[PDB]
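# Coordinate inspection notes
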Amino acid sequence: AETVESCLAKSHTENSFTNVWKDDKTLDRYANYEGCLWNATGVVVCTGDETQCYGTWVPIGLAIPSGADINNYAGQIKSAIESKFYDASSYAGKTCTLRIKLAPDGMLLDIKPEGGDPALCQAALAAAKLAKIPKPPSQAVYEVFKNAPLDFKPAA
């Protein structure tokens, strides 16, 4: 078994988890993996149903009591948008949740804030509008992300 203190020492990981749940207050997204509790940070890209999310995952203590093509394209959307958020640490401590509109093209049709800090939400919109999102690898994967939820939760 892990201790709370061994968990907090694990390395951050870039990946997606399934069985994700949200805190509709903090707007935090969490997951249990290998006996630790993880929180999704940076830019976070979820499937339309918000069960599977790709983010920069950070451990915050002990756990609380297609397939590869989906995980891969979510990673590509995250990198395309987060690489344009040049001054993320200026919003450390803030969150914004947004929703996108994607074309089969990979073109960003639209993006809209849905909640969180107003100055971070405006910076997130500007970063997303600069992004060059690759084309989806398949119509099936496009349908999965064509209306995806996106969070920004920047680090210190």
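Residues numbered from 1 in each chain as written, not as in the entry; some residues may be left out. Heavy atoms only, no water.

- X-ray crystallography is the method the PDB entry states for this structure, with the resolution given as 1.85 Å.

### A look at the pattern of salt bridges
- Across all of its chains, the model carries eight salt bridges by this definition.
- Of the charged contacts, one joins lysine 10 and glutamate 2 as a salt bridge, the two residues approaching to 3.0 Å between their closest N and O atoms.
- With relative accessibility at 21%, the residue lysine 10 sits in the partly exposed group.
- Where salt bridges share partners, they join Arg29, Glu50, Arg99, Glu114 and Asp151 into one cluster. (Salt bridge = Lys/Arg side-chain N within 4 Å of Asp/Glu carboxyl O. Buried < 20%, exposed > 50% of the residue type's maximum accessible area, 1.4 Å probe, protein only.)

### Remarks on empty space enclosed by the protein
- Roughly 40 Å³ of volume is contained in the largest cavity.
- What lines the largest cavity is simply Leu27, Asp28, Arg29, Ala40, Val44, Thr95, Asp151 and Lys153.
- Sorting the residues of the lining of the largest cavity by element identifies β4 (36-46) and β8 (149-153) as the ones contributing at least two each.
- For the lining of the largest cavity, the class distribution of residues is three nonpolar, one polar and four charged.
- Looking at the second largest cavity, the residues that line it are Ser16, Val45, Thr47, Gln52, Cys53, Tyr54, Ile70, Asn71, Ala74 and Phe145.
- Where the lining of the second largest cavity is concerned, the elements lending two or more residues are β5 (53-62) and α2 (68-82). (1 Å grid on protein atoms, 1.4 Å probe; cavity = no way out; pocket = protein on both sides within 12 Å on 5 of 7 lines; lining within 4 Å. Points joined across faces, edges and corners; volume = space filled by probe spheres on them. Helix = DSSP H or I, 4+ residues; strand = E, 2+ residues; numbered from the N terminus. Nonpolar A, V, L, I, M, F, W, Y, C, P; charged D, E, K, R; others polar.)

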